[PDB]
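Asker: Structure for the following, please:
(chains A, B and C)
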Amino acid sequence: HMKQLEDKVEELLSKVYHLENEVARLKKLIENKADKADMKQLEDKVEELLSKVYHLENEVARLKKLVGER
Amino acid sequence: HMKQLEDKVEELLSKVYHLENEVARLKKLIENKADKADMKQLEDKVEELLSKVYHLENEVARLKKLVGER
Amino acid sequence: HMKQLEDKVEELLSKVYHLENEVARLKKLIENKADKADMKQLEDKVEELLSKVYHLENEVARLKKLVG
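Answerer: Numbering: from 1, shown residues only, chains lettered A, B, ... in the order given. Have a look at this structure:
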């Protein structure tokens, strides 16, 4: 009876140890995931560069038209 | 006495089962997040592009000046 | 024998509580991380940028020749 009850507790304890170790592995995975704030900062840079290129494209198109008349 | 300890283990049985399911869910949530390595790959390319845009800016300003008005 | 069984249950009781808290903590941490769908969108924007840069370099080289 007490031997049977301690068998169940031991089975549960074994599961918990396994789960503890798995969660430690997952904690490490999470540390290696990219933060939203960092992605946003890179996105802002890309958008800054895309706007610079946009205005450059317009100017080059303008200049191309002007020189094509001369 | 033993009945009350069984009732405690019955409670813990359920908690361990729920924990197993929560950890499975956490593992799925983790898989939907991007790795830092993926972000750094993009960052490396943006670094290349930053220099190219700088050079383009200088070249286009030089050309705008040369061309002048109509 | 009865004290040993009670201590085994105490061990389980404590570890379950501790692991519940840790899993909840990690759940919260996850919410601050970037989704793969969003990184893929950024990857496509970076593609957009690199293509436009190459195209513009070529346009500028041609214009530069024409002006010079």
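
Asker: now the helix or strand containing residue A:45 and helix C:36-67, what's the angle there?
Answerer: Here residue A:45, judged by DSSP states H and E, is contained in helix A:36-69. Taking axes from the mean of the first three to the mean of the last three CA atoms, to 10 degrees, helix A:36-69 and helix C:36-67 form an angle of 20 degrees between their directions.

Asker: For helix A:36-69, name the packing helices and strands.
Answerer: helix B:36-67, helix C:36-67 (3 or more CB pairs under 8 Å, 6 or more residues apart in numbering or on different chains; DSSP states H and E). (C-beta placed from N, C-alpha, C; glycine too.)

Asker: need the contact list for the residue nearest the centre of chain A.
Answerer: Centroid-nearest residue in chain A, with CA atoms, centre = their mean: residue A:34, separated by 3.1 Å. By CB atoms under 8 Å, 6 or more residues apart in numbering or on different chains, the residues touching residue A:34 are B:33-36, B:38-39, C:33-34, C:39.

Asker: do the same with residue A:20
Answerer: C:15, C:19.

Asker: Over to residue A:21?
Answerer: Contacts of residue A:21 (CB under 8 Å, 6+ apart): none.

Asker: how much space between residue A:33 and chain B?
Answerer: 4 Å (CB to the nearest CB, to the nearest Å).

Asker: ok, now residue A:54?
Answerer: Taking CB to the nearest CB, one finds residue A:54 at 11 Å from chain B.
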